[PDB]
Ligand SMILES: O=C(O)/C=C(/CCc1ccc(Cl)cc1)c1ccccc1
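Shown here is one chain on its own, the form deposited without the ligand, set out as structure tokens.
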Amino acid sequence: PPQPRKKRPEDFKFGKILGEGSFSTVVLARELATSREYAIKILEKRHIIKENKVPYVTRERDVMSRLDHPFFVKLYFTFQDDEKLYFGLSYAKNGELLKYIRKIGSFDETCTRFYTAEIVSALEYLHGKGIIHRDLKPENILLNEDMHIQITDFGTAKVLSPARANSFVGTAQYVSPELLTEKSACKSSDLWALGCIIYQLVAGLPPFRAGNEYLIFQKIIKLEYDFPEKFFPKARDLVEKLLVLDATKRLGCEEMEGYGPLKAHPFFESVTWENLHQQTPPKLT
């Protein structure tokens, strides 16, 4: 079927910079003909070529094209002028999840449950297509205008074909031990991350903290962390079935028999998994 015109820079009115990266910048832009707002990621071809990132830029584009779910930032289009690449991304009006965590300290039982259920839901979809995020964190979990989550940042993801290959290491506090002792990663890697996130929603801080990265990696492989007193019991329990050094024993992985058991965990008792994105999120305390 024929497609709409290939878009070009002039079709937009660029506005504020939302965020600046090492090899890119996200700029909020407004499309002239439609008046729609898109968050446009811009990258300089020369810089990318100079830094051997073609693999990372191509992957991000490819992975996102394949995605088609309400909990993932959509990639509306792409185009390029002589020196730059533009990626039309959906604009999450309420920003990073982390913002909220800092704004209110920790989440209460209901808000933790709800949002954790979306992450899980989103992870089940992703893994369903044999895709590993590899750097999941509150910074990558955005919130749309309705306060529903929207995972983004897939340039460092990985597509499976065998648990497989390797490359980089995501943010320190979310790295699973297998990456520190095996230089290899699988789906559970995202599960370990999930465990960390859940723990952070409840305690206000991630499981492994230390003066530097080398120190956090030291705690990770030794599994050094502990729960705070008021930590919701069922939540605590779920987290213990997630932060397991052995990646084949994490609740939710293939060897553990998938997402059935995970969604069936007591912590999600009252969750209705079927239409999460059509439910009204609990007001963030």
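When you see a residue number, it is the position in the sequence shown, counting from 1.
field: Unmodelled in at least a third of other entries of this protein, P162
entry: Yes, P162 lacks coordinates in at least a third of the other compared entries that model both of its neighbours.
message: Residues without coordinates, deposited sequence, stretch from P162 to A163: is the count none, 1 to 3, 4 to 9, or 10 or more?
response: Some 4 to 9 residues are missing between them.
Which of 163 to 171 and 115 to 123 has higher mean CA B factor, as the PDB entry lists it: On average, C-alpha B-factors are higher across 163 to 171.
message: Quick check: 223 to 231 versus 56 to 64, which has the larger average CA B-factor in the record?
response: Mean CA B-factor is higher for 223 to 231.
query: Among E31, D246, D237, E254, which residue carries the highest C-alpha B-factor recorded in the PDB entry?
result: Result of the comparison over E31, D246, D237, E254: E254.
field: Selection from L142, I197, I132, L180 [criterion: highest C-alpha temperature factor in the record]
entry: That would be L180.
query: If you rank the chain by CA B-factor, which third does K84 end up in: lowest, middle or highest?
result: Middle third, going by the recorded CA B-factors of the chain.
- request: Rank-wise, by C-alpha B-factor, drop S90 into the lowest, middle or highest third of its chain.
  value: Lowest third of the chain for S90's C-alpha B-factor.
- prompt: Taking the entry's C-alpha B-factors for this chain, is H148 in the lowest, middle or highest third?
  reply: Answer is middle: the recorded C-alpha B-factor places it there.
field: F208, C-alpha B-factor rank within chain (lowest, middle or highest third)
entry: Its C-alpha B-factor belongs to the highest third of this chain's values.
- prompt: Where does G15 sit by CA temperature factor within its chain: lowest, middle or highest third?
  reply: Bottom third by C-alpha B-factor.
Below: the form deposited with the ligand bound, not depicted.
task: Spot the stretch among 175 to 183, 71 to 79, 110 to 118, 191 to 199 with residues whose non-hydrogen atoms come within 4.5 Å of the ligand in the deposited bound form.
output: Result of the contact check: 71 to 79.
- prompt: Using 4.5 Å between non-hydrogen atoms, is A163 touching the ligand in the deposited bound form?
  reply: No - in the deposited bound form, heavy atoms of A163 and the ligand never come within 4.5 Å of each other.
message: Quick check on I49: any heavy atom within 4.5 Å of the ligand in the deposited bound form?
response: Although the ligand is absent here, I49 would touch it in the deposited bound form, with heavy atoms inside 4.5 Å.
message: Taking any heavy atom pair closer than or equal to 4.5 Å as contact, tell me whether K234 reaches the ligand in the deposited bound form.
response: No, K234 stays farther than 4.5 Å from the ligand in the deposited bound form.
- request: May I ask you to state whether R5 is within 4.5 Å of the ligand in the deposited bound form, using heavy atom distances?
  value: No, no contact at 4.5 Å.
- prompt: From the list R36, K45, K222, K249, which entry has a heavy atom within 4.5 Å of the ligand in the deposited bound form?
  reply: None of the others qualify; the residue that does is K45.
task: Assess the spot marked by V54, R61 and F87: is the ligand within 4.5 Å of a heavy atom from every one of these residues in the deposited bound form?
output: So, yes: the whole triplet contacts the ligand.
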